[PDB]
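Novice: Supplied in structure tokens, the structure appears directly below.
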Amino acid sequence: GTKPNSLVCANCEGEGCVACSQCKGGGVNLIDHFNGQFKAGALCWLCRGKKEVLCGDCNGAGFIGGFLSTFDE
Amino acid sequence: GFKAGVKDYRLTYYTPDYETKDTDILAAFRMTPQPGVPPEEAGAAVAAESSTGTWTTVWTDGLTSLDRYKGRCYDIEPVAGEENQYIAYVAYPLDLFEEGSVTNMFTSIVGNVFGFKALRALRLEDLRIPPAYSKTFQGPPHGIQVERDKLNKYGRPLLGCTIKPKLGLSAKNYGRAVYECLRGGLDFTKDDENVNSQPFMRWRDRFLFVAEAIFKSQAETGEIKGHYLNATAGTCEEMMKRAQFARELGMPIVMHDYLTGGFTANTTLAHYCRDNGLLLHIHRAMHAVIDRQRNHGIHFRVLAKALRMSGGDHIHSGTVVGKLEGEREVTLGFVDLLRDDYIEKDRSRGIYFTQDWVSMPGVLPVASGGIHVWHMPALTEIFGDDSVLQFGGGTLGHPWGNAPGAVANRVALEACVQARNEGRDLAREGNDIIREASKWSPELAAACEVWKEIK
Amino acid sequence: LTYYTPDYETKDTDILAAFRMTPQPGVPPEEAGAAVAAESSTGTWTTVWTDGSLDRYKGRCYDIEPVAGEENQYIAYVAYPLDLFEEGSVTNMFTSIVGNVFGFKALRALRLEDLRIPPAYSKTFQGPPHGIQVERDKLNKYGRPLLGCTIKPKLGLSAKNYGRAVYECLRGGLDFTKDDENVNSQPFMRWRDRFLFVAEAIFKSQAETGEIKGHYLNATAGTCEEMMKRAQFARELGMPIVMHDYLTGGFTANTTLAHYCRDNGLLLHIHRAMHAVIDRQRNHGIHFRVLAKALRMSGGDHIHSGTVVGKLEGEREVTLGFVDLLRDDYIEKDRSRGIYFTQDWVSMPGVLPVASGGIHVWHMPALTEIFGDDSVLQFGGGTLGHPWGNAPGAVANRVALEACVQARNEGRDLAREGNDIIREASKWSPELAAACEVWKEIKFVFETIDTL
Amino acid sequence: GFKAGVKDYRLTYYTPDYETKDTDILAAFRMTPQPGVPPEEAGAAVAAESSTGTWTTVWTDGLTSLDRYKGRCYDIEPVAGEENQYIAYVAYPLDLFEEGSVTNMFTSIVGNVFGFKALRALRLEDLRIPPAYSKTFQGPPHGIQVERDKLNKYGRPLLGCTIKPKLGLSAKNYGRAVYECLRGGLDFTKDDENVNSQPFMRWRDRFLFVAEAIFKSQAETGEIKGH
Amino acid sequence: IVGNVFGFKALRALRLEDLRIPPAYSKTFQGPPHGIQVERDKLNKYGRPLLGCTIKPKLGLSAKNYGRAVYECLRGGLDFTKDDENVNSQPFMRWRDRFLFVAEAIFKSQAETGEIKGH
Amino acid sequence: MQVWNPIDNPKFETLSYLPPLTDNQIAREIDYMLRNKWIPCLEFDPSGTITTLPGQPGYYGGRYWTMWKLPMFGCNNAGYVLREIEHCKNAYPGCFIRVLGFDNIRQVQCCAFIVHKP
Ligand SMILES: O=C(O)[C@@](O)(COP(=O)(O)O)[C@H](O)[C@H](O)COP(=O)(O)O
Ligand SMILES: [Mg+2]
Ligand SMILES: [Mg+2]
């Protein structure tokens with residue numbers, strides 16, 4: 001998950017936070033998610049009004065190798 | 001008679017045919033000498049300047065009788081592939097060590113031989129401790145079974161989390177986060193190795209707030225909870241004071257650093273913990289400066305044995321899932337060296353000598369470093385239900401807060417254990433079982449959207 | 001871009017460090033330095049976790065240089081704020097700077113070379129118990145280097161026999177004697193009898209010649225209580241000096257002992273054991289110039305510095321540089337000896353260096369040139385291996401040193417004309433003649449592995 | 001090398017052109033000398049009899065090397081309006097003080113200079129402490145933020161009251177008034193500086209009664225109270 | 001007695017001059033440790049005033065040098081010697097070494113003249 | 001082999017193992033001292049015994065001597081020092097005599113040796 005010859009997370013592209021998909025830039029449910037547990041109007045069921053999410057690869061680091069993105073051993 | 005002058009080493013310290021005794025200590029280094037010296041001289045030289053030898057013949061030796069006190073090289077084996085590498089084997093009498101001291105053994109076996117102008121590199125690999133030198137130590141304070149009885153938790157691995165990048169915080173904000181995480185459903189909660197006492201936060205009030213949070217979190221759930229408190233300091237009077245206060249508040253566990261603090265303080269702390277009924281957690285810092293390179297240093301499997309005899313209950317061991325075949329065999333071997341009671345010889349797993357522990361308790365291994373929900377079944381199937389799993393950014397990164405973050409991990413672990421207890425294979429099914437459990441827990445979902453599958 | 005500030009104006013209360021790095025193929029250099037700084041301070045380049053004021057708790061890279069002669073080697077400079085460290089604790093400092101950066105998988109090797117400690121942080125430590133001037137005033141010895149000897153064989157001798165050798169050695173003309181580092185308490189000899197016999201020998205030897213003598217008593221133990229018990233007895237008997245190993249024992253125990261020695265008026269001698277496991281390769285580990293500074297901060301009076309003509313590795317220039325960082329008060333920057341930063345010790349006492357490890361009479365002229373008259377020289381096998389005995393062996397060692405001291409003061413060279421100084425002195429000394437005949441052609445020359 | 005006799009002070013303790021360092025302690029007195037003495041001599045005399053100096057030249061000084069240890073007057077400014085008033089400025093090396101002791105600094109800076117028969121008045125105005133002498137002290141026990149966290153009170157100033165002239169009162173009457181005031185709604189309650197232990201009231205029973213009152217006042221309101 | 005009367009504005013200045021302490025209040029104090037007669041009896045000196053001297057320069061000397069001056073001063077005929085009031089414990093001289101050197105000088109000086117000395 | 005005599009063999013620290021010193025040797029060190037800008041001084045005493053105490057580390061008796069006149073500050077020729085020695089020898093003919101040196105920058109002595117014996 002690094003750019004050509006550069007320890008930088010390709011997804012967040014050096015940011016740590018990505019965009020919400022459920023609302024896709026909106027912060028409002030576009031359907032009734034789950035089953036009667038979510039409606040189509042209130043805040044997104046995930047970001048809950050933020051359009052933001054931590055990057056899965058780099059847990060907010062921006063780079064790869066480290067005590068937050070790598071295993072251990 | 002006395003003959004003043006200099007002689008060779010292979011004339012009194014190389015014993016090709018020698019039969020070892022049961023009360024002996026054995027070692028095994030790999031060496032690479034300088035151009036000019038024959039391997040035999042090198043090996044003999046190593047043993048000579050580590051037991052009883054100099055460089056020019058002394059007279060006070062004809063009144064002590066050697067042969068009874070002296071180390072001996074009794075075998076040399078070439079290494080395949082390399083052109084200038086060999087494995088040596090030295091034997092040490094038992095009347096040369098002081099009982100109950102790790103410092104003496106370490107300063108005798110490796111003290112000044114790693115810096116001679118006749119070698120270019122050295123590395124220690126394994127050691128064999130006779131069952132007559134071990135019975136003089138105390139060992140771990142409690143062990144494995146006693147700790148489980150004390151905590152009243154059976155059948156599954158324990159869970160924990162660490163306060164990740166969150167420094168410069170006041171004590172109250174620290175306690176609030178600790179309470180939230182503990183109420184979430186976890187068991188343990190760590191601290192940060194680089195946090196002892198600083199201008200932005202002193203130690204007494206942090207202890208007070210953590211102790212206040214633990215009880216109030218414990219009341220609502222009816223389960224035993226704890227938190228590791230760092231006790232590393234600059235002198236021996238501060239460390240004892242912090243341990244005594246921690247006991248006074250009625251906390252169940254403390255934590256120490258043993259590579260940068262020393263063996264003497266670690267032994268003193270272990271004795272106190274055994275005397276007063278506490279648990280000890282051991283963290284390994286700066287270890288990578290020694291055991292990383294392949295042709296110089298000391299392997300970690302020796303430091304593990306040293307830690308077992310000095311005393312401890314938990315120890316870090318690193319993850320093993322991202323290890324390819326061939327490797328991870330060493331890790332599985334030196335985990336067995338930590339948990340079992342009788343280990344046989346196996347060269348494919350990096351074991352050089354057969355080891356007997358004559359009824360000494362075990363040590364729980366700890367795994368950590370970037371892990372999420374999708375790694376649950378693999379870790380459950382590799383280690384078994386005798387370990388501690390520590391989560392970092394996989395708990396504080398949830399988009400809904402700290403408390404819902406622990407519920408997902410708890411649900412995933414329970415689902416994996418239930419699946420294992422039914423006959424289903426935890427290696428092939430894998431990604432499939434998590435999805436089914438996600439279809440009745442809104443908190444497991446949302447988490448399975450930030451962290452993707454394996455493959 | 002962030003953890004790399006190519007303009008930051010370093011303050012005067014910051015701690016600076018310099019690493020040498022070996023990146024993997026492809027990784028750009030100015031990207032690895034930033035990673036080293038982040039993975040040492042916080043572990044991030046983004047602000048996703050802050051917004052809770054931070055920044056005032058992060059390290060930053062501010063310079064990068066290429067190493068001349070090697071195509072893959074660089075030097076990185078990092079600065080740390082003052083509020084990250086606890087006052088009066090070396091354990092913390094070592095844990096905070098080095099404790100996670102040596103496992104980074106984007107690099108292949110790493111070595112710490114130098115560190116700069118500001119005066120605002122040095123004033124919170126105690127330092128050496130006595131120093132250099134106070135010890136010389138106490139012992140009443142001026143104008144020449146001191147002499148000493150270690151006892152052999154190591155492990156195997158009893159207590160009566162151990163004491164019978166100290167007397168004969170001490171009665172011959174030496175000033176000090178020492179126990180091997182691996183001698184604490186063993187089945188063949190326990191400590192409380194060795195102490196008594198050594199004390200009796202010291203008194204008997206002192207009454208004879210008419211000068212002050214001493215012996216370094218080992219106090220390393222497996223627990224703190226035993227270590228503190230073994231020093232109160234030495235205080236009771238009136239002995240002047242003790243010894244301790246600070247790398248296999250610990251920094252926490254060394255600091256507790258230094259405090260006790262300052263409180264009760266004793267002298268401390270330090271031994272550097274196991275150090276070769278950390279500083280021998282020229283591309284991984286920590287240099288000794290850093291451990292020497294740490295010990296000077298923690299507390300001690302003597303320290304082993306190594307020879308340059310013995311059986312163990314060591315290079316002239318490098319040595320000449322760290323002997324001043326250990327003895328002097330203000331040191332400027334010189335990269336031809338290995339100094340990367342300037343150092344000010346704001347009035348803190350100095351530490352005596354010691355040289356030992358396979359040396360004899362045909363080495364006095366050089367040792368006297370490399371070190372001034374502010375050091376201690378030790379000879380174990382060079383004394384107990386004389387064809388006659390221990391007293392005849394000690395006399396030969398003192399005469400050589402006296403002749404060398406007189407020559408220099410008369411204004412003659414020592415490098416050019418040294419064998420003559422020894423040959424001329426051997427004419428009137430029947431003991432020096434025997435020694436010269438035994439060890440005439442015995443030297444140690446091999447290729448250095450830690451060139452520079 | 002030694003010349004027995006008396007000399008002037010402005011010959012070794014007045015350094016018009018001196019650049020101060022970052023590890024120095026600085027002071028500032030205002031002075032008014034006696035008719036006869038030039039201001040320079042006066043200023044130099046203060047610096048001398050406060051660091052290292054006497055009145056008749058001693059020989060044991062050619063073995064210690066001064067210049068490293070010595071105070072120095074490096075500026076004098078006249079006070080407008082007044083006819084015989086001036087401001088002086090003295091610098092003190094850092095190796096002259098003991099770490100962690102306020103008594104030593106106070107006894108060194110002002111010990112015997114306020115009583116020389118060549119001045120008529122003196123007054124100290126300010127001091128500059130380098131950041132290398134302060135790091136050896138401990139400072140306040142807790143501070144500001146920690147105390148507010150301990151008491152759990154934010155946003156407004158705290159309130160308190162002091163027992164007015166009600167001396168010759170028994171312990172029980174003292175505790176009753178303390179309880180009434182605390183239940184009223186205040187936060188703190190003081191004592192009286194001139195009350196330690198007297199025949200009409202000893203200290204142990206007063207402590208006991210105050211402690212008894214604090215808890216019972218605290219129970220009814222659910223707020224932290226003290227005395 | 002004095003802790004608030006020196007800020008009264010209705011006045012311009014104030015100075016305390018004397019006090020009288022009744023015997024019913026003085027008996028609760030201990031007083032001087034020994035006094036005048038006991039000290040003279042202890043030191044065995046009667047007939048004339050005593051003599052003394054302070055050491056200079058103040059701040060700057062080592063411990064060996066400090067002790068070398070006490071002996072020469074004490075061996076000449078004086079009775080007592082004193083440390084400056086600002087001499088406590090400083091980077092240039094600690095106290096535990098000063099005490100030992102002073103004791104040695106005192107013993108050596110006492111053995112020569114034949115009279116009791118102190119510091 | 002030979003045996004070192006243990007009976008009645010006192011030593012006097014530096015330069016006591018080398019053959020006896022001559023006046024040329026003496027007026028050779030005084031010059032070495034002067035070339036480095038150090039201050040000479042003389043001391044005398046009638047005995048050289050050393051005494052200890054029961055339980056006090058670092059305490060010995062017999063370390064202080066008596067100073068001749070005062071340290072020779074501002075001295076640039078050796079001759080003067082040699083004359084002062086003859087005066088001291090004439091004054092007290094039953095005592096030891098020592099020569100010292102001093103460094104005011106590090107505050108410490110630099111050399112010491114004996115020049116007369118009873
Ligand atoms: O144990 C020894 O070998 C020595 O006593 C030397 O003995 P000989 O002189 O009798 O050989 C010293 O401890 C070493 O020099 C230590 O080395 P370093 O100074 O590098 O710590
Ligand atoms: Mg040795
Ligand atoms: Mg005075």
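Following the order of the structure tokens, chains are lettered A, B, ..., residues in each are numbered from 1, and ligands are numbered from 1.
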Around ligand 3, out to 8 Å and counting only C-alpha atoms and all ligand atoms, which residues are there? I want them as a VMD selection string.
Specialist: chain E and resid 54 58 83 to 86
Novice: Kindly export the residues of the current selection with N, CA and C atoms, as a CSV table (one decimal), in the first residue's frame.
Specialist:
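Now in part_32.csv:
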chain,number,residue,atom,x,y,z
E,54,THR,N,38.8,35.0,60.9
E,54,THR,CA,38.0,34.4,59.8
E,54,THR,C,38.9,34.2,58.5
E,58,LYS,N,36.8,34.8,50.5
E,58,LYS,CA,35.5,34.1,50.6
E,58,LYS,C,35.0,33.5,49.3
E,83,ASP,N,34.3,29.9,59.7
E,83,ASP,CA,34.0,29.8,58.2
E,83,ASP,C,33.2,31.0,57.9
E,84,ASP,N,33.3,31.6,56.7
E,84,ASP,CA,32.4,32.7,56.3
E,84,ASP,C,31.0,32.3,56.4
E,85,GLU,N,30.0,33.2,56.6
E,85,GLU,CA,28.6,32.8,56.8
E,85,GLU,C,28.0,32.3,55.5
E,86,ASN,N,28.6,32.6,54.3
E,86,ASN,CA,28.0,32.1,53.0
E,86,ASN,C,28.7,30.8,52.6
Novice: Name each residue within 12 Å of ligand 2, counting only C-alpha atoms and all ligand atoms, as JSON, numbers by chain.
Specialist: {"B": [49, 50, 51, 52, 53, 54, 107, 108, 111, 112, 113], "C": [149, 150, 151, 152, 153, 154, 155, 177, 178, 179, 180, 181, 182, 183, 218, 245, 271, 272, 273, 304, 356, 357, 358, 378, 379, 380, 381]}
Novice: Write out as number ranges by chain which residues come within 12 Å of residue 191 (chain C) when counting only C-alpha atoms, dropping same-chain ones fewer than 6 positions away.
Specialist: B: 98; C: 158-159, 162, 179, 183-185, 197-198, 217-221, 226-227, 229-231, 233-234
Novice: Could you save those same residues with N, CA, C and O atoms as a JSON list (two decimals), in the first residue's frame?
Specialist:
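File produced: out.json:
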[["chain", "number", "residue", "atom", "x", "y", "z"],
["B", 98, "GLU", "N", 27.83, -18.68, 41.36],
["B", 98, "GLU", "CA", 27.20, -18.36, 42.63],
["B", 98, "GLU", "C", 25.71, -18.67, 42.55],
["B", 98, "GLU", "O", 25.06, -18.38, 41.55],
["C", 158, "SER", "N", 42.34, -20.19, 47.30],
["C", 158, "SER", "CA", 41.67, -20.04, 48.61],
["C", 158, "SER", "C", 41.85, -18.61, 49.12],
["C", 158, "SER", "O", 42.32, -17.76, 48.35],
["C", 159, "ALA", "N", 41.48, -18.35, 50.38],
["C", 159, "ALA", "CA", 41.53, -16.98, 50.94],
["C", 159, "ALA", "C", 42.90, -16.69, 51.56],
["C", 159, "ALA", "O", 43.42, -15.58, 51.34],
["C", 162, "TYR", "N", 45.21, -16.23, 48.61],
["C", 162, "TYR", "CA", 44.89, -14.94, 47.94],
["C", 162, "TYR", "C", 45.57, -13.79, 48.68],
["C", 162, "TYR", "O", 46.10, -12.89, 48.01],
["C", 179, "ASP", "N", 40.42, -7.37, 42.38],
["C", 179, "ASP", "CA", 39.85, -8.74, 42.27],
["C", 179, "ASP", "C", 39.32, -8.90, 40.85],
["C", 179, "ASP", "O", 38.81, -7.90, 40.30],
["C", 183, "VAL", "N", 34.36, -12.60, 40.44],
["C", 183, "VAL", "CA", 34.68, -13.15, 41.75],
["C", 183, "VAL", "C", 33.76, -12.45, 42.75],
["C", 183, "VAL", "O", 34.07, -11.35, 43.21],
["C", 184, "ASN", "N", 32.64, -13.08, 43.09],
["C", 184, "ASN", "CA", 31.71, -12.52, 44.06],
["C", 184, "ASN", "C", 31.60, -13.36, 45.32],
["C", 184, "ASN", "O", 31.95, -12.90, 46.41],
["C", 185, "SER", "N", 31.14, -14.61, 45.20],
["C", 185, "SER", "CA", 31.07, -15.53, 46.33],
["C", 185, "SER", "C", 30.84, -16.92, 45.76],
["C", 185, "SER", "O", 29.80, -17.18, 45.16],
["C", 197, "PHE", "N", 41.30, -11.21, 55.35],
["C", 197, "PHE", "CA", 42.69, -11.49, 55.02],
["C", 197, "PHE", "C", 43.31, -10.35, 54.21],
["C", 197, "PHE", "O", 44.47, -9.98, 54.42],
["C", 198, "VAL", "N", 42.54, -9.77, 53.29],
["C", 198, "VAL", "CA", 43.04, -8.64, 52.51],
["C", 198, "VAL", "C", 43.34, -7.45, 53.41],
["C", 198, "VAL", "O", 44.35, -6.77, 53.24],
["C", 217, "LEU", "N", 37.67, -3.83, 46.27],
["C", 217, "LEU", "CA", 36.84, -4.98, 46.73],
["C", 217, "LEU", "C", 35.56, -5.05, 45.89],
["C", 217, "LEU", "O", 34.87, -4.02, 45.79],
["C", 218, "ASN", "N", 35.24, -6.22, 45.34],
["C", 218, "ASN", "CA", 34.09, -6.36, 44.46],
["C", 218, "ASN", "C", 32.80, -6.41, 45.26],
["C", 218, "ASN", "O", 32.70, -7.10, 46.28],
["C", 219, "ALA", "N", 31.79, -5.67, 44.79],
["C", 219, "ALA", "CA", 30.52, -5.56, 45.50],
["C", 219, "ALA", "C", 29.31, -5.90, 44.63],
["C", 219, "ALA", "O", 28.19, -5.55, 44.99],
["C", 220, "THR", "N", 29.52, -6.57, 43.49],
["C", 220, "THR", "CA", 28.40, -7.00, 42.67],
["C", 220, "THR", "C", 27.68, -8.17, 43.32],
["C", 220, "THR", "O", 28.31, -9.08, 43.87],
["C", 221, "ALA", "N", 26.35, -8.16, 43.25],
["C", 221, "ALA", "CA", 25.53, -9.19, 43.88],
["C", 221, "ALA", "C", 24.28, -9.42, 43.05],
["C", 221, "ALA", "O", 24.05, -8.76, 42.03],
["C", 226, "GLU", "N", 21.83, -7.64, 49.38],
["C", 226, "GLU", "CA", 23.17, -8.19, 49.53],
["C", 226, "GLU", "C", 24.23, -7.19, 49.10],
["C", 226, "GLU", "O", 25.28, -7.07, 49.74],
["C", 227, "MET", "N", 23.97, -6.47, 48.01],
["C", 227, "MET", "CA", 24.93, -5.47, 47.53],
["C", 227, "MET", "C", 25.15, -4.38, 48.57],
["C", 227, "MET", "O", 26.29, -3.95, 48.78],
["C", 229, "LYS", "N", 24.66, -4.80, 51.80],
["C", 229, "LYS", "CA", 25.31, -5.42, 52.95],
["C", 229, "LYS", "C", 26.82, -5.52, 52.77],
["C", 229, "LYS", "O", 27.57, -5.36, 53.73],
["C", 230, "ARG", "N", 27.28, -5.79, 51.55],
["C", 230, "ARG", "CA", 28.71, -5.98, 51.32],
["C", 230, "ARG", "C", 29.50, -4.68, 51.35],
["C", 230, "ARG", "O", 30.74, -4.74, 51.31],
["C", 231, "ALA", "N", 28.86, -3.52, 51.41],
["C", 231, "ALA", "CA", 29.59, -2.26, 51.48],
["C", 231, "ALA", "C", 29.71, -1.72, 52.89],
["C", 231, "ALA", "O", 30.69, -1.03, 53.20],
["C", 233, "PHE", "N", 30.30, -3.47, 55.56],
["C", 233, "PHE", "CA", 31.46, -4.12, 56.16],
["C", 233, "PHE", "C", 32.75, -3.43, 55.74],
["C", 233, "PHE", "O", 33.65, -3.21, 56.57],
["C", 234, "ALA", "N", 32.87, -3.09, 54.46],
["C", 234, "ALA", "CA", 34.05, -2.37, 53.99],
["C", 234, "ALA", "C", 34.17, -1.01, 54.65],
["C", 234, "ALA", "O", 35.27, -0.55, 54.95]]
Novice: Counting only C-alpha atoms, collect the residues of chain F whose closest atom lies at most 6 Å from chain D, and write them out as a list in words.
Specialist: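 Close to chain D, chain F has residues 73, 74 and 104 of chain F.
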Novice: Any chance you can output those residues with N, CA and C atoms as a PDB file, in the first residue's frame?
Specialist:
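Result file out.pdb:
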ATOM      1  N   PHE F  73      55.883  33.953  44.122  1.00  0.00           N
ATOM      2  CA  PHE F  73      55.097  34.457  42.966  1.00  0.00           C
ATOM      3  C   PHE F  73      55.983  35.369  42.114  1.00  0.00           C
ATOM      4  N   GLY F  74      55.743  35.404  40.799  1.00  0.00           N
ATOM      5  CA  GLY F  74      56.529  36.271  39.898  1.00  0.00           C
ATOM      6  C   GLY F  74      58.007  35.922  39.891  1.00  0.00           C
ATOM      7  N   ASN F 104      47.303  27.349  39.360  1.00  0.00           N
ATOM      8  CA  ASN F 104      46.154  28.139  39.882  1.00  0.00           C
ATOM      9  C   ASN F 104      44.922  27.963  38.988  1.00  0.00           C
TER      10      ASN F 104
END
Novice: Do a neighbour search on region 214-229 of chain B at 10 Å with only C-alpha atoms, toss out local chain neighbours closer than 6 positions, and write the hits as number ranges by chain.
Specialist: B: 150-153, 160-162, 175, 178-192, 196, 203, 206-207, 242-243, 246, 251-256, 279-281
Novice: Write a file of the selected residues as a compact mmCIF listing (two decimals), in the first residue's frame, keeping N, CA and C atoms.
Specialist:
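Ended up saving to selection_23.txt:
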# COMPACT_ATOMS: atom_id res chain seq x y z
N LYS B 150 -7.00 -17.13 40.45
CA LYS B 150 -7.19 -15.82 41.08
C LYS B 150 -8.17 -14.97 40.29
N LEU B 151 -8.09 -15.00 38.96
CA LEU B 151 -8.95 -14.16 38.13
C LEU B 151 -10.29 -14.79 37.82
N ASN B 152 -10.42 -16.11 37.96
CA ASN B 152 -11.66 -16.84 37.69
C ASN B 152 -12.12 -16.65 36.24
N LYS B 153 -11.26 -17.08 35.32
CA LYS B 153 -11.53 -17.00 33.89
C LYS B 153 -10.99 -18.26 33.23
N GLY B 160 -7.03 -7.33 25.98
CA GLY B 160 -6.46 -6.12 26.54
C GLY B 160 -6.29 -5.05 25.49
N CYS B 161 -5.92 -3.86 25.92
CA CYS B 161 -5.71 -2.74 25.00
C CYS B 161 -4.71 -1.77 25.59
N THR B 162 -4.10 -0.94 24.75
CA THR B 162 -3.10 0.01 25.23
C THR B 162 -3.46 1.43 24.85
N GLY B 175 -8.19 8.91 33.12
CA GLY B 175 -9.11 8.05 33.84
C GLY B 175 -10.43 7.86 33.13
N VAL B 178 -9.87 5.32 30.41
CA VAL B 178 -9.69 4.00 31.01
C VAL B 178 -11.03 3.42 31.42
N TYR B 179 -11.88 4.23 32.05
CA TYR B 179 -13.19 3.75 32.48
C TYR B 179 -14.04 3.34 31.29
N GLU B 180 -14.05 4.15 30.22
CA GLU B 180 -14.83 3.81 29.05
C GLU B 180 -14.39 2.47 28.46
N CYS B 181 -13.08 2.30 28.28
CA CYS B 181 -12.59 1.05 27.70
C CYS B 181 -12.91 -0.14 28.59
N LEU B 182 -12.76 0.00 29.91
CA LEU B 182 -13.05 -1.11 30.81
C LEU B 182 -14.53 -1.46 30.80
N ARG B 183 -15.40 -0.46 30.78
CA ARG B 183 -16.84 -0.72 30.71
C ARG B 183 -17.24 -1.33 29.38
N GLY B 184 -16.44 -1.11 28.33
CA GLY B 184 -16.76 -1.70 27.04
C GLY B 184 -16.87 -3.21 27.08
N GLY B 185 -16.00 -3.87 27.84
CA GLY B 185 -16.04 -5.32 27.93
C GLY B 185 -14.70 -6.01 27.95
N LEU B 186 -13.61 -5.25 27.90
CA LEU B 186 -12.27 -5.83 27.91
C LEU B 186 -11.91 -6.32 29.32
N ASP B 187 -10.68 -6.81 29.46
CA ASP B 187 -10.18 -7.32 30.73
C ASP B 187 -9.06 -6.47 31.31
N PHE B 188 -8.00 -6.22 30.54
CA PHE B 188 -6.83 -5.49 31.01
C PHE B 188 -6.69 -4.18 30.24
N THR B 189 -5.82 -3.31 30.74
CA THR B 189 -5.56 -2.04 30.07
C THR B 189 -4.14 -1.64 30.41
N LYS B 190 -3.34 -1.36 29.39
CA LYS B 190 -1.94 -1.06 29.62
C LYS B 190 -1.65 0.39 29.81
N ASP B 191 -0.36 0.73 29.85
CA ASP B 191 0.04 2.12 29.96
C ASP B 191 0.93 2.45 28.77
N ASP B 192 2.02 3.16 29.02
CA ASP B 192 3.00 3.48 27.95
C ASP B 192 4.40 3.41 28.55
N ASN B 196 6.81 7.76 33.06
CA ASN B 196 7.11 7.51 34.46
C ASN B 196 6.68 8.66 35.36
N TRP B 203 2.89 10.96 39.09
CA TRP B 203 2.43 9.58 39.18
C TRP B 203 1.36 9.35 40.24
N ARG B 206 -2.22 10.19 39.00
CA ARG B 206 -2.61 9.22 37.98
C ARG B 206 -3.01 7.89 38.62
N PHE B 207 -2.23 7.43 39.60
CA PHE B 207 -2.60 6.23 40.34
C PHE B 207 -3.97 6.39 40.99
N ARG B 242 6.70 3.20 44.95
CA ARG B 242 5.57 3.05 44.03
C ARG B 242 4.90 1.69 44.18
N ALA B 243 5.68 0.62 44.34
CA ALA B 243 5.08 -0.69 44.55
C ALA B 243 4.27 -0.73 45.83
N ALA B 246 0.99 1.09 45.32
CA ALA B 246 0.10 0.28 44.49
C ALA B 246 -0.53 -0.84 45.30
N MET B 251 -4.50 -2.73 44.24
CA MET B 251 -4.47 -3.08 42.83
C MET B 251 -3.88 -4.48 42.64
N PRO B 252 -4.24 -5.17 41.56
CA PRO B 252 -3.82 -6.56 41.39
C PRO B 252 -2.55 -6.81 40.57
N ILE B 253 -1.98 -5.82 39.89
CA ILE B 253 -0.90 -6.09 38.95
C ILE B 253 -0.04 -4.84 38.76
N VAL B 254 1.25 -5.05 38.50
CA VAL B 254 2.20 -3.99 38.19
C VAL B 254 2.97 -4.38 36.93
N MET B 255 3.95 -3.55 36.56
CA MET B 255 4.68 -3.73 35.31
C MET B 255 6.09 -3.18 35.46
N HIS B 256 7.05 -3.84 34.81
CA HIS B 256 8.45 -3.45 34.91
C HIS B 256 9.16 -3.67 33.58
N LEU B 279 0.84 -9.55 40.84
CA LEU B 279 1.22 -10.11 39.55
C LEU B 279 2.20 -9.18 38.84
N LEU B 280 3.10 -9.77 38.06
CA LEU B 280 4.17 -9.04 37.40
C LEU B 280 4.03 -9.17 35.89
N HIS B 281 4.10 -8.04 35.20
CA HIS B 281 4.07 -7.99 33.74
C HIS B 281 5.40 -7.44 33.25
Novice: Can you list every residue in region 52-231 of chain B that DSSP puts in strand (DSSP E), as a ChimeraX atom specification?
Specialist: /B:72-78,86-92,119-128,158-161
Novice: Enumerate as JSON, numbers by chain the residues belonging to chain D that approach chain B to within 10 Å, with only C-alpha atoms taken into account.
Specialist: {"D": [142, 145, 146, 149, 150]}
Novice: Within 9 Å of region 54-65 of chain A, counting only C-alpha atoms, which residues show up once you throw out same-chain ones fewer than 2 positions away? Write them as a PyMOL selection string, please.
Specialist: (chain A and resi 1-2+6-19+52+67-70) or (chain B and resi 370+393-394+397-399+450-452) or (chain C and resi 35+43-49+104-106)
